[PDB]
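So the structure is just underneath, and the comments pick up after that.
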Amino acid sequence: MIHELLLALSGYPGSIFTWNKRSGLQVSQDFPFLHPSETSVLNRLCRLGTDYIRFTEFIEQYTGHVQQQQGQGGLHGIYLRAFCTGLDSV
Amino acid sequence: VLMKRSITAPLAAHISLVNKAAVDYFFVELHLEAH
Amino acid sequence: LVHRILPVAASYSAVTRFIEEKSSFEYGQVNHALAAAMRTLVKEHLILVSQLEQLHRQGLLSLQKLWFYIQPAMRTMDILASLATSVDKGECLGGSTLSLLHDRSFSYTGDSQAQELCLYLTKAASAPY
Amino acid sequence: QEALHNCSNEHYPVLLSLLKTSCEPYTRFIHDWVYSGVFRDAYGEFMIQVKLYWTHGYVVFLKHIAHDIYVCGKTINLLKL
Amino acid sequence: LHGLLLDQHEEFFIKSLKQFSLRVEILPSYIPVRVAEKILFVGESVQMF
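Residue numbers (PDB author numbering), protein chains in the order written: chain A, 1 to 69, 76 to 96; chain B, 1474 to 1508; chain C, 259 to 387; chain D, 507 to 556, 566 to 574, 586 to 607; chain E, 192 to 206, 253 to 286.
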């Protein structure tokens, strides 16, 4: 549960931190290793990794993905790729 | 941009020299002007 | 990785056999000069092997180092062994193994790792001509 | 064309390093037929394919000088006579 | 400095004397129209002569 959390937050989801698109990363919430004081902390920490997975997915998806084979600029083009390119160093 | 900036200059410099050497060769030896 | 490093030994046995079998006056002065410039690169190979031995005795050589080290002369031996096969197969003597080197030099010329080799072999082989 | 498509992202030096040594033989081809009038043909891939005194066909690189090369070789061959 | 662009279906706030104009929308709100006209003048003039 220690190493599993770092694995899930880095972007390689744990088997304890189940990846969902409606609740993101979330702790199991029913096993006897979690208790009300740490539950709030665990809920707080899950959100950062949920954002991290979407970030890394979107950066991989729009940077270096085609050789020049949408036409929309809010999904493709040089400026959006530049946004992802800055995002990895951020 | 990837284009010629200093490779076409020593190339286009030579094309016209070659052309002038042919056209002058017509006149001053074969007398195309006489025809 | 061990499988990829063995072919230079057959490509070294082929290079040492050309100097014996094709050293007769029937093939002539050009073949003698050709095999004697084949000999210089074998000298260079042994010169490689000495310094590699000094690194290996102190444990400071590994198979990842040896792979990178023997990759440049792998191509060298490949060219010399293929040329030995071709000169043997057509029984070439005279000018037919002075045209073959001219042809090999154009054949690989995009990197010019082999072009300097074939140019050197033609320079040495054409002096008795 | 893969240079002009992406010249700002991090995949640019790798593409330039490939293209910079892939243009070594093609530049030599152009430097032969213009300076000694030796036509060159690798495998059929040369940009110029094979009275009027032409034995060559013509009808990416700068097309502004491409058709100039087509006439610049036969002028050398005319100077050979 | 040349009058050449390499865009693929995108904008860099500019649209001889061919396809050169600036539109107020695509030009950023913190860059003024004033310096943008000077940029446009440079590009068009250099392309012409």
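The C-beta atom is built at its ideal place from N, Cα and C for all residues, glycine as well.
Proximity to residue i [Cα-Cα], best of the options
i: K381 (chain C); options: C:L351, C:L306, C:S363; result: C:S363
i: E278 (chain C); options: C:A267, C:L292, C:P386; result: C:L292
i: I263 (chain C); options: C:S384, C:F326, C:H290; result: C:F326
i: residue 213 (chain C); options: C:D346, C:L377, C:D369, C:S344; result: A question about residue 213 (chain C) goes unanswered here, because the residues of chain C that appear run from 259 up to 387.
i: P1483 (chain B); options: D:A509, D:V540, D:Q507; result: D:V540
i: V260 (chain C); options: C:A268, C:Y387, C:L321, C:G352; result: C:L321
i: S266 (chain E); options: E:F204, E:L277, E:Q256; result: E:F204
i: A1486 (chain B); options: D:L605, D:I591, D:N603, D:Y596; result: D:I591
i: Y387 (chain C); options: C:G352, C:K347, C:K280; result: C:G352
i: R54 (chain A); options: A:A88, A:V66, A:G11; result: A:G11
i: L379 (chain C); options: C:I337, C:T343, C:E349; result: C:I337
i: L93 (chain A); options: A:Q67, A:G77, A:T63; result: A:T63
i: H517 (chain D); options: A:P32, A:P13, A:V66; result: A:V66
i: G24 (chain A); options: A:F33, A:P13, A:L34; result: A:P13
Span separating the alpha-carbon of residue i from that of residue j
i: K566 (chain D); j: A372 (chain C); result: 44 Å
i: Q312 (chain C); j: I328 (chain C); result: 16 Å
i: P519 (chain D); j: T18 (chain A); result: 40 Å
i: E202 (chain E); j: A1495 (chain B); result: 49 Å
i: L45 (chain A); j: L306 (chain C); result: 58 Å
i: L192 (chain E); j: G572 (chain D); result: 37 Å
i: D369 (chain C); j: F587 (chain D); result: 22 Å
i: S15 (chain A); j: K21 (chain A); result: 16 Å
i: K589 (chain D); j: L1475 (chain B); result: 15 Å
i: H593 (chain D); j: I536 (chain D); result: 12 Å
i: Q199 (chain E); j: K323 (chain C); result: 45 Å
i: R315 (chain C); j: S365 (chain C); result: 40 Å
i: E551 (chain D); j: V96 (chain A); result: 47 Å
i: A294 (chain C); j: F283 (chain C); result: 14 Å
i: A339 (chain C); j: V544 (chain D); result: 32 Å
i: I59 (chain A); j: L195 (chain E); result: 29 Å
i: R333 (chain C); j: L375 (chain C); result: 10 Å
i: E57 (chain A); j: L358 (chain C); result: 56 Å
i: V556 (chain D); j: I595 (chain D); result: 14 Å
i: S514 (chain D); j: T355 (chain C); result: 51 Å
i: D51 (chain A); j: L319 (chain C); result: 46 Å
i: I554 (chain D); j: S542 (chain D); result: 16 Å
i: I1488 (chain B); j: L259 (chain E); result: 41 Å
i: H1508 (chain B); j: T533 (chain D); result: 41 Å
i: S37 (chain A); j: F89 (chain A); result: 39 Å
i: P265 (chain C); j: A342 (chain C); result: 16 Å
Environment of residue i [buried if 16+ CB atoms lie within 10 Å]
i: residue 558 (chain D); result: There are no atomic positions for residue 558 (chain D) here, as chain D continues from 556 directly to 566.
i: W569 (chain D); result: exposed
i: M296 (chain C); result: buried
i: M335 (chain C); result: buried
i: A383 (chain C); result: buried
i: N43 (chain A); result: exposed
i: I263 (chain E); result: exposed
i: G599 (chain D); result: buried
i: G49 (chain A); result: buried
i: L522 (chain D); result: exposed
i: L254 (chain E); result: exposed
i: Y285 (chain C); result: buried
i: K280 (chain C); result: buried
i: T601 (chain D); result: buried
i: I2 (chain A); result: exposed
i: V27 (chain A); result: buried
i: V261 (chain E); result: exposed
i: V283 (chain E); result: exposed
i: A8 (chain A); result: buried
i: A267 (chain C); result: exposed
i: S269 (chain C); result: buried
Endpoints, the alpha helix (DSSP H) within which residue i is located
i: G286 (chain C); result: Run containing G286 (chain C): none; DSSP gives neither H nor E here.
i: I263 (chain E); result: Taken as a continuous stretch (DSSP letters only), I263 (chain E) belongs to no alpha helix (DSSP H), as it is neither H nor E.
i: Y596 (chain D); result: 589 to 606
i: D346 (chain C); result: 321 to 347
i: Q284 (chain E); result: 270 to 285
i: residue 121 (chain A); result: Because chain A here runs from 1 to 96, residue 121 (chain A) falls outside it and cannot be looked at.
i: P13 (chain A); result: Neither: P13 (chain A) is in no alpha helix (DSSP H) and is coded neither H nor E.
i: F276 (chain C); result: 265 to 279
i: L510 (chain D); result: 508 to 511
i: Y568 (chain D); result: It is not in any alpha helix (DSSP H) - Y568 (chain D) carries neither H nor E in the DSSP assignment.
i: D547 (chain D); result: Counting along the chain, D547 (chain D) falls outside any alpha helix (DSSP H), and DSSP gives it neither H nor E.
i: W539 (chain D); result: 530 to 539
i: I1480 (chain B); result: Careful: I1480 (chain B) lies outside any alpha helix (DSSP H) and carries neither H nor E.
i: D94 (chain A); result: 84 to 95
i: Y378 (chain C); result: 373 to 383
Where residue i meets chain F, residues with beta-carbon distance less than 7 Å
i: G368 (chain C); result: Chain labels in this structure do not include chain F; the protein chains are A, B, C, D and E.
If contact is defined by three or more beta carbon pairs under 8 Å, each pair taking one atom from either stretch, is the stretch 288 to 306 of chain C in contact with the stretch 267 to 277 of chain C? yes
When the Cβ atoms of the stretch 1485 to 1504 of chain B are set against those of the stretch 521 to 535 of chain D, are three or more pairs found closer than 8 Å? no
For the stretch 79 to 92 of chain A against the stretch 1476 to 1484 of chain B, are there 3 or more C-beta pairs whose distance is under 8 Å? no
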